[PDB]
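Enquirer: Input structure: entry.csv, which contains CSV, N, CA and C atoms and all ligand atoms.
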chain,number,residue,atom,x,y,z
A,1,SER,N,64.8,-36.3,62.6
A,1,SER,CA,65.7,-37.5,62.6
A,1,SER,C,66.1,-37.9,61.2
A,2,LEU,N,67.2,-38.6,61.1
A,2,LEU,CA,67.7,-39.0,59.7
A,2,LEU,C,66.7,-39.8,58.9
A,3,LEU,N,65.9,-40.7,59.5
A,3,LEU,CA,64.9,-41.5,58.8
A,3,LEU,C,63.8,-40.6,58.3
A,4,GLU,N,63.4,-39.6,59.1
A,4,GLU,CA,62.3,-38.6,58.7
A,4,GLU,C,62.8,-37.8,57.6
A,5,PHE,N,64.0,-37.3,57.7
A,5,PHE,CA,64.6,-36.6,56.6
A,5,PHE,C,64.5,-37.5,55.3
A,6,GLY,N,64.9,-38.8,55.4
A,6,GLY,CA,64.9,-39.7,54.2
A,6,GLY,C,63.5,-39.8,53.7
A,7,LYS,N,62.5,-39.8,54.5
A,7,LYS,CA,61.1,-39.9,54.0
A,7,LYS,C,60.7,-38.6,53.4
A,8,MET,N,61.1,-37.5,53.9
A,8,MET,CA,60.8,-36.2,53.3
A,8,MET,C,61.5,-36.1,52.0
A,9,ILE,N,62.7,-36.5,51.9
A,9,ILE,CA,63.4,-36.5,50.6
A,9,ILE,C,62.6,-37.3,49.6
A,10,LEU,N,62.2,-38.5,49.9
A,10,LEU,CA,61.5,-39.4,49.0
A,10,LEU,C,60.2,-38.8,48.6
A,11,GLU,N,59.5,-38.2,49.5
A,11,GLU,CA,58.2,-37.5,49.2
A,11,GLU,C,58.4,-36.4,48.3
A,12,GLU,N,59.5,-35.6,48.4
A,12,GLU,CA,59.7,-34.5,47.6
A,12,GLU,C,60.1,-34.9,46.2
A,13,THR,N,61.1,-35.8,46.1
A,13,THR,CA,61.8,-36.1,44.9
A,13,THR,C,61.4,-37.3,44.2
A,14,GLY,N,60.8,-38.3,44.8
A,14,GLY,CA,60.6,-39.6,44.2
A,14,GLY,C,61.7,-40.5,44.2
A,15,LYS,N,63.1,-39.9,44.7
A,15,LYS,CA,64.3,-40.7,44.9
A,15,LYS,C,64.4,-41.2,46.3
A,16,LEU,N,64.9,-42.4,46.5
A,16,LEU,CA,65.2,-42.9,47.8
A,16,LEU,C,66.4,-42.2,48.3
A,17,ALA,N,66.3,-41.7,49.6
A,17,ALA,CA,67.4,-41.0,50.2
A,17,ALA,C,68.7,-41.8,50.1
A,18,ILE,N,68.7,-43.0,50.5
A,18,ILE,CA,69.7,-44.1,50.3
A,18,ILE,C,69.2,-44.9,49.1
A,19,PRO,N,69.9,-44.8,48.0
A,19,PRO,CA,71.2,-44.4,47.8
A,19,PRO,C,71.4,-43.0,47.1
A,20,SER,N,70.2,-42.3,46.7
A,20,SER,CA,70.4,-41.2,45.9
A,20,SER,C,71.1,-40.0,46.6
A,21,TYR,N,71.0,-39.8,47.8
A,21,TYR,CA,71.4,-38.6,48.5
A,21,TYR,C,72.4,-38.9,49.7
A,22,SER,N,72.6,-40.2,50.0
A,22,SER,CA,73.4,-40.6,51.1
A,22,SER,C,74.9,-40.6,50.9
A,23,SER,N,75.3,-40.6,49.7
A,23,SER,CA,76.7,-40.6,49.3
A,23,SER,C,77.0,-39.7,48.0
A,24,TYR,N,76.4,-38.7,47.8
A,24,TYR,CA,76.4,-37.9,46.6
A,24,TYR,C,77.4,-36.7,46.8
A,25,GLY,N,78.3,-36.6,45.8
A,25,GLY,CA,79.1,-35.4,45.7
A,25,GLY,C,80.0,-35.3,46.9
A,26,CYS,N,80.4,-34.1,47.3
A,26,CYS,CA,81.3,-33.9,48.5
A,26,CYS,C,80.6,-33.8,49.8
A,27,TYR,N,79.3,-33.4,49.8
A,27,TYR,CA,78.6,-33.1,51.0
A,27,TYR,C,77.4,-33.9,51.4
A,28,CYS,N,76.9,-34.6,50.5
A,28,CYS,CA,75.6,-35.4,50.8
A,28,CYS,C,76.0,-36.7,51.4
A,29,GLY,N,75.7,-36.7,52.7
A,29,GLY,CA,76.1,-38.0,53.4
A,29,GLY,C,77.1,-37.7,54.4
A,30,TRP,N,77.8,-38.7,55.0
A,30,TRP,CA,78.9,-38.6,55.9
A,30,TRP,C,80.1,-37.7,55.5
A,31,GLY,N,80.4,-36.8,56.3
A,31,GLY,CA,81.5,-35.8,56.0
A,31,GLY,C,81.2,-34.7,55.0
A,32,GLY,N,82.1,-33.8,54.8
A,32,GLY,CA,82.0,-32.8,53.8
A,32,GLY,C,83.4,-32.1,53.7
A,33,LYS,N,83.9,-31.9,52.5
A,33,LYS,CA,85.0,-31.0,52.3
A,33,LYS,C,85.0,-30.6,50.8
A,34,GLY,N,85.7,-29.5,50.5
A,34,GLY,CA,86.0,-29.0,49.2
A,34,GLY,C,84.8,-28.3,48.6
A,35,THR,N,84.9,-28.0,47.3
A,35,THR,CA,83.9,-27.2,46.6
A,35,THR,C,82.8,-28.2,46.2
A,36,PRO,N,81.5,-27.9,46.6
A,36,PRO,CA,80.4,-28.8,46.2
A,36,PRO,C,80.4,-29.0,44.7
A,37,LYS,N,80.0,-30.2,44.2
A,37,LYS,CA,80.1,-30.5,42.8
A,37,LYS,C,79.1,-29.8,41.9
A,38,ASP,N,77.9,-29.6,42.4
A,38,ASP,CA,76.7,-29.1,41.7
A,38,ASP,C,75.7,-28.6,42.6
A,39,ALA,N,74.5,-28.2,42.1
A,39,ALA,CA,73.5,-27.6,42.9
A,39,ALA,C,73.0,-28.5,44.0
A,40,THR,N,72.8,-29.8,43.6
A,40,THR,CA,72.3,-30.8,44.6
A,40,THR,C,73.3,-30.9,45.7
A,41,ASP,N,74.6,-31.0,45.4
A,41,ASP,CA,75.7,-31.0,46.4
A,41,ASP,C,75.6,-29.8,47.3
A,42,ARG,N,75.4,-28.6,46.7
A,42,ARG,CA,75.2,-27.4,47.4
A,42,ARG,C,74.1,-27.4,48.4
A,43,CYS,N,73.0,-28.1,48.0
A,43,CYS,CA,71.9,-28.3,49.0
A,43,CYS,C,72.4,-29.0,50.3
A,44,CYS,N,73.3,-30.1,50.1
A,44,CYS,CA,73.9,-30.8,51.2
A,44,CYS,C,74.9,-29.9,51.9
A,45,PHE,N,75.7,-29.1,51.3
A,45,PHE,CA,76.6,-28.2,52.0
A,45,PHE,C,75.8,-27.4,52.9
A,46,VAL,N,74.7,-26.7,52.4
A,46,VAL,CA,74.0,-25.8,53.2
A,46,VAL,C,73.2,-26.5,54.3
A,47,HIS,N,72.8,-27.7,54.1
A,47,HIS,CA,72.2,-28.6,55.1
A,47,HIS,C,73.1,-28.9,56.2
A,48,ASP,N,74.4,-29.2,55.9
A,48,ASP,CA,75.4,-29.5,56.9
A,48,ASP,C,75.7,-28.2,57.7
A,49,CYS,N,75.7,-27.1,57.0
A,49,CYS,CA,75.9,-25.8,57.8
A,49,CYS,C,74.7,-25.6,58.7
A,50,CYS,N,73.5,-25.9,58.2
A,50,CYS,CA,72.3,-25.7,58.9
A,50,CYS,C,72.3,-26.5,60.2
A,51,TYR,N,72.7,-27.8,60.1
A,51,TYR,CA,72.9,-28.6,61.3
A,51,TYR,C,74.0,-28.1,62.2
A,52,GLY,N,75.0,-27.5,61.5
A,52,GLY,CA,76.1,-26.9,62.3
A,52,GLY,C,75.7,-25.7,63.1
A,53,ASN,N,74.6,-25.0,62.8
A,53,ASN,CA,74.1,-23.9,63.5
A,53,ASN,C,73.4,-24.4,64.8
A,54,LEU,N,73.3,-25.8,65.0
A,54,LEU,CA,72.6,-26.4,66.1
A,54,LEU,C,73.5,-27.4,66.7
A,55,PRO,N,74.5,-26.7,67.5
A,55,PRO,CA,75.5,-27.6,68.1
A,55,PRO,C,75.0,-28.4,69.4
A,56,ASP,N,73.8,-27.6,70.0
A,56,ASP,CA,73.3,-28.4,71.2
A,56,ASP,C,72.0,-29.2,71.0
A,57,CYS,N,71.8,-29.4,69.4
A,57,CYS,CA,70.7,-30.3,69.1
A,57,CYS,C,71.3,-31.5,68.6
A,58,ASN,N,70.3,-32.6,68.3
A,58,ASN,CA,70.8,-33.9,67.8
A,58,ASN,C,70.0,-34.2,66.6
A,59,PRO,N,70.3,-33.6,65.5
A,59,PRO,CA,69.5,-33.7,64.2
A,59,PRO,C,69.4,-35.1,63.7
A,60,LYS,N,70.3,-36.0,64.0
A,60,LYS,CA,70.2,-37.4,63.4
A,60,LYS,C,69.2,-38.2,64.1
A,61,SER,N,68.9,-37.9,65.4
A,61,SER,CA,68.0,-38.8,66.1
A,61,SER,C,66.8,-38.1,66.7
A,62,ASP,N,66.8,-36.8,66.9
A,62,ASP,CA,65.6,-36.1,67.4
A,62,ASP,C,64.5,-36.0,66.4
A,63,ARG,N,63.3,-36.5,66.7
A,63,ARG,CA,62.2,-36.5,65.8
A,63,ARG,C,61.4,-35.3,65.9
A,64,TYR,N,60.9,-34.8,64.7
A,64,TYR,CA,60.1,-33.6,64.6
A,64,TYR,C,58.8,-34.1,63.9
A,65,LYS,N,57.7,-33.2,63.9
A,65,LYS,CA,56.5,-33.5,63.2
A,65,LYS,C,56.3,-32.4,62.1
A,66,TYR,N,55.8,-32.8,61.0
A,66,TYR,CA,55.4,-31.8,59.9
A,66,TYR,C,54.2,-32.3,59.3
A,67,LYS,N,53.5,-31.4,58.6
A,67,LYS,CA,52.3,-31.7,57.7
A,67,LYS,C,52.6,-31.0,56.4
A,68,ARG,N,51.6,-31.2,55.5
A,68,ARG,CA,51.6,-30.4,54.2
A,68,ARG,C,50.3,-29.6,54.1
A,69,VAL,N,50.4,-28.4,53.7
A,69,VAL,CA,49.3,-27.5,53.5
A,69,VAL,C,49.4,-27.0,52.1
A,70,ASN,N,48.4,-27.3,51.2
A,70,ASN,CA,48.5,-26.9,49.8
A,70,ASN,C,49.8,-27.5,49.2
A,71,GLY,N,50.2,-28.7,49.6
A,71,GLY,CA,51.4,-29.3,49.0
A,71,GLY,C,52.7,-29.1,49.9
A,72,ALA,N,52.7,-27.9,50.5
A,72,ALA,CA,53.9,-27.3,51.1
A,72,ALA,C,54.2,-27.9,52.5
A,73,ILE,N,55.4,-28.2,52.8
A,73,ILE,CA,55.8,-28.7,54.1
A,73,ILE,C,55.6,-27.6,55.1
A,74,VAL,N,55.0,-27.9,56.2
A,74,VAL,CA,54.8,-27.0,57.4
A,74,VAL,C,55.3,-27.8,58.6
A,75,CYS,N,56.5,-27.3,59.1
A,75,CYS,CA,57.0,-27.9,60.4
A,75,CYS,C,56.0,-27.5,61.5
A,76,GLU,N,55.6,-28.5,62.3
A,76,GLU,CA,54.7,-28.3,63.4
A,76,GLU,C,55.5,-28.0,64.6
A,77,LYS,N,55.0,-27.4,65.6
A,77,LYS,CA,55.7,-27.0,66.8
A,77,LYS,C,56.0,-28.1,67.7
A,78,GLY,N,57.6,-28.5,67.9
A,78,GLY,CA,57.9,-29.3,69.0
A,78,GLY,C,58.8,-28.4,69.9
A,79,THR,N,59.9,-29.1,70.3
A,79,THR,CA,60.9,-28.3,71.0
A,79,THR,C,61.6,-27.4,70.1
A,80,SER,N,62.4,-26.4,70.6
A,80,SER,CA,63.1,-25.5,69.8
A,80,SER,C,64.1,-26.3,68.9
A,81,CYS,N,64.8,-27.2,69.4
A,81,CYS,CA,65.7,-28.0,68.5
A,81,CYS,C,64.9,-28.7,67.4
A,82,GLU,N,63.8,-29.3,67.8
A,82,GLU,CA,63.0,-30.0,66.7
A,82,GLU,C,62.5,-29.0,65.7
A,83,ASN,N,62.1,-27.9,66.0
A,83,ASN,CA,61.7,-26.9,65.0
A,83,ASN,C,62.8,-26.5,64.1
A,84,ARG,N,63.9,-26.3,64.7
A,84,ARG,CA,65.1,-25.8,63.9
A,84,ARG,C,65.6,-27.0,63.0
A,85,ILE,N,65.7,-28.2,63.5
A,85,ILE,CA,66.0,-29.3,62.7
A,85,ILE,C,65.1,-29.5,61.5
A,86,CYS,N,63.8,-29.4,61.8
A,86,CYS,CA,62.8,-29.5,60.8
A,86,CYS,C,63.0,-28.5,59.7
A,87,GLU,N,63.3,-27.2,60.0
A,87,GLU,CA,63.5,-26.2,59.0
A,87,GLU,C,64.7,-26.5,58.2
A,88,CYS,N,65.8,-27.0,58.8
A,88,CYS,CA,66.9,-27.4,58.0
A,88,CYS,C,66.6,-28.5,57.0
A,89,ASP,N,65.8,-29.5,57.4
A,89,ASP,CA,65.4,-30.7,56.6
A,89,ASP,C,64.5,-30.3,55.5
A,90,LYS,N,63.5,-29.4,55.8
A,90,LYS,CA,62.6,-28.9,54.8
A,90,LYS,C,63.3,-28.2,53.8
A,91,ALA,N,64.2,-27.3,54.1
A,91,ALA,CA,65.0,-26.6,53.1
A,91,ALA,C,65.7,-27.5,52.2
A,92,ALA,N,66.4,-28.5,52.8
A,92,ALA,CA,67.2,-29.4,51.9
A,92,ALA,C,66.3,-30.2,51.0
A,93,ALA,N,65.2,-30.6,51.5
A,93,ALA,CA,64.3,-31.4,50.6
A,93,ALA,C,63.7,-30.6,49.5
A,94,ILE,N,63.3,-29.4,49.7
A,94,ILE,CA,62.9,-28.4,48.7
A,94,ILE,C,64.1,-28.2,47.8
A,95,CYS,N,65.2,-27.9,48.3
A,95,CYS,CA,66.4,-27.7,47.4
A,95,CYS,C,66.7,-28.9,46.5
A,96,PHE,N,66.6,-30.1,47.0
A,96,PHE,CA,66.8,-31.3,46.2
A,96,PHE,C,65.7,-31.3,45.1
A,97,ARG,N,64.5,-31.0,45.4
A,97,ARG,CA,63.4,-31.0,44.4
A,97,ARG,C,63.7,-29.9,43.4
A,98,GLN,N,64.1,-28.7,43.7
A,98,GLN,CA,64.5,-27.6,42.9
A,98,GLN,C,65.6,-28.0,41.9
A,99,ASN,N,66.5,-28.9,42.3
A,99,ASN,CA,67.7,-29.2,41.5
A,99,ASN,C,67.7,-30.6,40.9
A,100,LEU,N,66.5,-31.3,40.9
A,100,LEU,CA,66.4,-32.6,40.3
A,100,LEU,C,66.8,-32.5,38.8
A,101,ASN,N,66.6,-31.4,38.2
A,101,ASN,CA,66.9,-31.2,36.8
A,101,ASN,C,68.4,-31.3,36.5
A,102,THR,N,69.3,-31.1,37.4
A,102,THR,CA,70.7,-31.2,37.2
A,102,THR,C,71.3,-32.4,38.0
A,103,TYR,N,70.5,-33.1,38.8
A,103,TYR,CA,71.1,-34.3,39.5
A,103,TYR,C,71.8,-35.2,38.5
A,104,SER,N,73.0,-35.6,38.9
A,104,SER,CA,73.8,-36.5,38.0
A,104,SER,C,74.3,-37.7,38.8
A,105,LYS,N,74.0,-38.9,38.2
A,105,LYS,CA,74.3,-40.2,38.8
A,105,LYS,C,75.8,-40.3,38.9
A,106,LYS,N,76.7,-39.6,38.1
A,106,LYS,CA,78.1,-39.7,38.2
A,106,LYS,C,78.6,-39.3,39.6
A,107,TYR,N,77.8,-38.5,40.4
A,107,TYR,CA,78.2,-38.0,41.7
A,107,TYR,C,77.8,-38.9,42.8
A,108,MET,N,77.1,-40.0,42.5
A,108,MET,CA,76.8,-41.0,43.6
A,108,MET,C,78.1,-41.7,43.9
A,109,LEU,N,78.4,-42.0,45.2
A,109,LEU,CA,79.7,-42.6,45.6
A,109,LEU,C,80.9,-41.8,45.2
A,110,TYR,N,80.7,-40.5,45.1
A,110,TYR,CA,81.9,-39.6,44.6
A,110,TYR,C,83.0,-39.8,45.6
A,111,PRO,N,84.2,-40.0,45.1
A,111,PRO,CA,85.4,-40.3,46.0
A,111,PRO,C,85.8,-39.1,46.8
A,112,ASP,N,86.1,-39.2,48.0
A,112,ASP,CA,86.4,-38.1,48.9
A,112,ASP,C,87.6,-37.3,48.4
A,113,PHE,N,88.7,-37.9,47.7
A,113,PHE,CA,89.9,-37.1,47.5
A,113,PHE,C,89.7,-36.1,46.4
A,114,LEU,N,88.7,-36.3,45.6
A,114,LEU,CA,88.4,-35.3,44.5
A,114,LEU,C,87.7,-34.1,44.9
A,115,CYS,N,87.4,-34.1,46.2
A,115,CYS,CA,86.7,-32.9,46.8
A,115,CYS,C,87.7,-31.8,47.0
A,116,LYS,N,88.2,-31.1,45.9
A,116,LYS,CA,89.2,-30.1,46.1
A,116,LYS,C,88.5,-28.9,46.4
A,117,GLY,N,89.3,-27.8,46.8
A,117,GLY,CA,88.8,-26.5,47.1
A,117,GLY,C,88.4,-26.3,48.5
A,118,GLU,N,87.8,-25.2,48.8
A,118,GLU,CA,87.5,-24.7,50.1
A,118,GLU,C,86.2,-23.9,50.1
A,119,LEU,N,85.3,-24.1,51.1
A,119,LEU,CA,84.0,-23.4,51.2
A,119,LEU,C,83.6,-23.3,52.7
A,120,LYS,N,83.6,-22.0,53.2
A,120,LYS,CA,83.1,-21.7,54.5
A,120,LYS,C,81.6,-21.5,54.6
A,121,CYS,N,80.8,-21.9,56.0
A,121,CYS,CA,79.4,-21.7,55.9
A,121,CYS,C,79.1,-20.3,56.0
A,201,LIG,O1,70.1,-40.2,54.8
A,201,LIG,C1,71.2,-39.9,55.4
A,201,LIG,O2,71.9,-40.8,56.1
A,201,LIG,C2,71.7,-38.5,55.2
A,201,LIG,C3,71.7,-37.9,54.1
A,201,LIG,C4,72.2,-36.5,54.1
A,201,LIG,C5,71.6,-35.5,53.3
A,201,LIG,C6,72.1,-34.2,53.3
A,201,LIG,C7,73.2,-33.9,54.1
A,201,LIG,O3,73.6,-32.6,54.0
A,201,LIG,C8,73.9,-34.9,54.8
A,201,LIG,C9,73.4,-36.2,54.9
In structure tokens, how does this file's structure come out?
Ligand SMILES: O=C(O)/C=C/c1ccc(O)cc1
Expert:
Amino acid sequence: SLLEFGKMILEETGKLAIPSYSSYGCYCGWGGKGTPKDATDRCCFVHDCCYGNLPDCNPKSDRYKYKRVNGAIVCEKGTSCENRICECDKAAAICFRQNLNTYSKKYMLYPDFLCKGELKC
């Protein structure tokens, strides 16, 4: 679910999902178009694609369970949708952690019309 994703993001990065990742760049948050702005935005592009791979799941609202083993996120076994949603979220949260070094506050609330370019999943 979106709230669990937000908690996983905070756990990983130490940033609050809202506002750090809810409206960032072209892809983080509602909607997506154009060329991602940076590596963090690319995390969101791929997360969007990952949710797009699950047209008959409901990633915003379906809750999954996970634990940590030696630090690392381990998605626990729920329904097939829940497992797949968890893997998408885990990847994006790790990706955000990996790209905190280039995160730029200039991309928060980035305006949609500047999202020029084209990117297929
Ligand atoms: O917290 C939210 O409401 C959603 C954040 C979000 C993070 C990555 C995305 O690819 C799309 C939305």
Enquirer: In the coordinates of the file, take the point (61.5, -32.2, 47.1) and a cut-off of 7 Å; then, counting all atoms listed in the file, name each qualifying protein, DNA or RNA residue as an mmCIF file with N, CA and C atoms, keeping the file's coordinate frame.
Expert:
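Written file, point_2.cif:
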data_model
loop_
_atom_site.group_PDB
_atom_site.id
_atom_site.type_symbol
_atom_site.label_atom_id
_atom_site.label_comp_id
_atom_site.auth_asym_id
_atom_site.auth_seq_id
_atom_site.Cartn_x
_atom_site.Cartn_y
_atom_site.Cartn_z
ATOM 1 N N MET A 8 61.100 -37.500 53.900
ATOM 2 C CA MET A 8 60.800 -36.200 53.300
ATOM 3 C C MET A 8 61.500 -36.100 52.000
ATOM 4 N N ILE A 9 62.700 -36.500 51.900
ATOM 5 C CA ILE A 9 63.400 -36.500 50.600
ATOM 6 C C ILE A 9 62.600 -37.300 49.600
ATOM 7 N N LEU A 10 62.200 -38.500 49.900
ATOM 8 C CA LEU A 10 61.500 -39.400 49.000
ATOM 9 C C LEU A 10 60.200 -38.800 48.600
ATOM 10 N N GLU A 11 59.500 -38.200 49.500
ATOM 11 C CA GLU A 11 58.200 -37.500 49.200
ATOM 12 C C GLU A 11 58.400 -36.400 48.300
ATOM 13 N N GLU A 12 59.500 -35.600 48.400
ATOM 14 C CA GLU A 12 59.700 -34.500 47.600
ATOM 15 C C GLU A 12 60.100 -34.900 46.200
ATOM 16 N N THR A 13 61.100 -35.800 46.100
ATOM 17 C CA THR A 13 61.800 -36.100 44.900
ATOM 18 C C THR A 13 61.400 -37.300 44.200
ATOM 19 N N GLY A 14 60.800 -38.300 44.800
ATOM 20 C CA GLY A 14 60.600 -39.600 44.200
ATOM 21 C C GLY A 14 61.700 -40.500 44.200
ATOM 22 N N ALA A 92 66.400 -28.500 52.800
ATOM 23 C CA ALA A 92 67.200 -29.400 51.900
ATOM 24 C C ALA A 92 66.300 -30.200 51.000
ATOM 25 N N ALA A 93 65.200 -30.600 51.500
ATOM 26 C CA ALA A 93 64.300 -31.400 50.600
ATOM 27 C C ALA A 93 63.700 -30.600 49.500
ATOM 28 N N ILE A 94 63.300 -29.400 49.700
ATOM 29 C CA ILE A 94 62.900 -28.400 48.700
ATOM 30 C C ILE A 94 64.100 -28.200 47.800
ATOM 31 N N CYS A 95 65.200 -27.900 48.300
ATOM 32 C CA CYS A 95 66.400 -27.700 47.400
ATOM 33 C C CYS A 95 66.700 -28.900 46.500
ATOM 34 N N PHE A 96 66.600 -30.100 47.000
ATOM 35 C CA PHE A 96 66.800 -31.300 46.200
ATOM 36 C C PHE A 96 65.700 -31.300 45.100
ATOM 37 N N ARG A 97 64.500 -31.000 45.400
ATOM 38 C CA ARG A 97 63.400 -31.000 44.400
ATOM 39 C C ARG A 97 63.700 -29.900 43.400
ATOM 40 N N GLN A 98 64.100 -28.700 43.700
ATOM 41 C CA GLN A 98 64.500 -27.600 42.900
ATOM 42 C C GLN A 98 65.600 -28.000 41.900
#
Enquirer: As a ChimeraX atom specification, please: every protein or nucleic acid residue near ligand LIG 201 (chain A) (cut-off 6 Å, counting only N, CA and C atoms and all ligand atoms).
Expert: /A:2,6,17-18,21-22,27-30,43-45,47-48
Enquirer: Going by DSSP on the backbone, which residues of chain A come out as alpha helix (DSSP H)? List them as a ChimeraX atom specification.
Expert: /A:2-13,17-20,39-52,80-98
Enquirer: Smallest atom-to-atom distance to residue 87 in chain A: which of A:100, A:69, A:114, A:50, using only N, CA and C atoms?
Expert: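 Selected residue with least distance to residue 87 in chain A: A:50.
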Enquirer: So, with all atoms listed in the file as the atoms that count, which of A:62, A:19, A:34, A:68 lies closest to residue 81 in chain A?
Expert: A:62
Enquirer: What gap, in Å, lies between CA of residue 61 in chain A and CA of residue 20 in chain A?
Expert: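 These atoms are spaced 20.5 Å apart.
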Enquirer: I need the residues in chain A that are strand (DSSP E or B) according to DSSP; give them as a list in words.
Expert: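 For chain A, the strand (DSSP E or B) set is residues 23, 24, 28, 29, 66, 67, 68, 69, 72, 73, 74, 75 and 108 of chain A.
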Enquirer: Taking into account only C-alpha atoms, which residue in the set A:36, A:71, A:55, A:111 is nearest to residue 23 in chain A?
Expert: A:111
Enquirer: Considering only C-alpha atoms, can you say which of A:37, A:58, A:83, A:4 comes closest to residue 105 in chain A?
Expert: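 Closest to residue 105 in chain A of all the choices is A:37.
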Enquirer: Just need range 81-97 of chain A in a file, please: N, CA, C and O atoms, as an mmCIF file, in the first residue's frame.
Expert:
data_model
loop_
_atom_site.group_PDB
_atom_site.id
_atom_site.type_symbol
_atom_site.label_atom_id
_atom_site.label_comp_id
_atom_site.auth_asym_id
_atom_site.auth_seq_id
_atom_site.Cartn_x
_atom_site.Cartn_y
_atom_site.Cartn_z
ATOM 1 N N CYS A 81 -0.255 -10.792 -5.960
ATOM 2 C CA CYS A 81 -0.225 -9.354 -6.107
ATOM 3 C C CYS A 81 0.582 -8.725 -5.022
ATOM 4 O O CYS A 81 1.405 -7.835 -5.278
ATOM 5 N N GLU A 82 0.350 -9.111 -3.768
ATOM 6 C CA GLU A 82 1.089 -8.516 -2.644
ATOM 7 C C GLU A 82 2.600 -8.763 -2.787
ATOM 8 O O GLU A 82 3.402 -7.821 -2.553
ATOM 9 N N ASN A 83 3.004 -9.942 -3.153
ATOM 10 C CA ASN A 83 4.431 -10.234 -3.353
ATOM 11 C C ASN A 83 5.026 -9.359 -4.406
ATOM 12 O O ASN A 83 6.154 -8.830 -4.233
ATOM 13 N N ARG A 84 4.335 -9.197 -5.501
ATOM 14 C CA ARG A 84 4.828 -8.428 -6.670
ATOM 15 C C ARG A 84 4.865 -6.933 -6.321
ATOM 16 O O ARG A 84 5.835 -6.234 -6.675
ATOM 17 N N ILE A 85 3.845 -6.437 -5.662
ATOM 18 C CA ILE A 85 3.844 -5.026 -5.197
ATOM 19 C C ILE A 85 4.994 -4.792 -4.249
ATOM 20 O O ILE A 85 5.740 -3.788 -4.383
ATOM 21 N N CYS A 86 5.218 -5.706 -3.309
ATOM 22 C CA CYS A 86 6.300 -5.546 -2.340
ATOM 23 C C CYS A 86 7.613 -5.457 -3.083
ATOM 24 O O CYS A 86 8.486 -4.643 -2.741
ATOM 25 N N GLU A 87 7.861 -6.309 -4.079
ATOM 26 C CA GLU A 87 9.126 -6.258 -4.836
ATOM 27 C C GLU A 87 9.307 -4.970 -5.571
ATOM 28 O O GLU A 87 10.438 -4.452 -5.610
ATOM 29 N N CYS A 88 8.244 -4.418 -6.107
ATOM 30 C CA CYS A 88 8.340 -3.106 -6.736
ATOM 31 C C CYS A 88 8.738 -2.021 -5.728
ATOM 32 O O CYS A 88 9.593 -1.186 -6.021
ATOM 33 N N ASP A 89 8.116 -2.044 -4.554
ATOM 34 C CA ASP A 89 8.380 -1.020 -3.513
ATOM 35 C C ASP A 89 9.739 -1.150 -2.961
ATOM 36 O O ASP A 89 10.457 -0.146 -2.789
ATOM 37 N N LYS A 90 10.170 -2.378 -2.656
ATOM 38 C CA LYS A 90 11.518 -2.666 -2.156
ATOM 39 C C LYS A 90 12.541 -2.142 -3.104
ATOM 40 O O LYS A 90 13.507 -1.460 -2.673
ATOM 41 N N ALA A 91 12.413 -2.408 -4.411
ATOM 42 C CA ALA A 91 13.341 -1.919 -5.378
ATOM 43 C C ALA A 91 13.421 -0.410 -5.373
ATOM 44 O O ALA A 91 14.492 0.168 -5.382
ATOM 45 N N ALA A 92 12.278 0.258 -5.360
ATOM 46 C CA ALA A 92 12.277 1.742 -5.374
ATOM 47 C C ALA A 92 12.887 2.334 -4.116
ATOM 48 O O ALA A 92 13.672 3.303 -4.225
ATOM 49 N N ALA A 93 12.643 1.733 -2.978
ATOM 50 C CA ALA A 93 13.221 2.240 -1.719
ATOM 51 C C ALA A 93 14.718 2.052 -1.681
ATOM 52 O O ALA A 93 15.466 2.977 -1.260
ATOM 53 N N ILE A 94 15.222 0.930 -2.150
ATOM 54 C CA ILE A 94 16.669 0.694 -2.298
ATOM 55 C C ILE A 94 17.222 1.679 -3.296
ATOM 56 O O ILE A 94 18.316 2.230 -3.055
ATOM 57 N N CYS A 95 16.583 1.865 -4.425
ATOM 58 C CA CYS A 95 17.007 2.817 -5.430
ATOM 59 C C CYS A 95 17.103 4.217 -4.859
ATOM 60 O O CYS A 95 18.091 4.928 -5.148
ATOM 61 N N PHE A 96 16.125 4.653 -4.096
ATOM 62 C CA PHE A 96 16.205 5.967 -3.472
ATOM 63 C C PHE A 96 17.409 6.051 -2.557
ATOM 64 O O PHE A 96 18.161 7.058 -2.596
ATOM 65 N N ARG A 97 17.662 5.037 -1.757
ATOM 66 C CA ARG A 97 18.827 4.980 -0.848
ATOM 67 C C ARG A 97 20.079 5.074 -1.668
ATOM 68 O O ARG A 97 21.040 5.799 -1.229
#
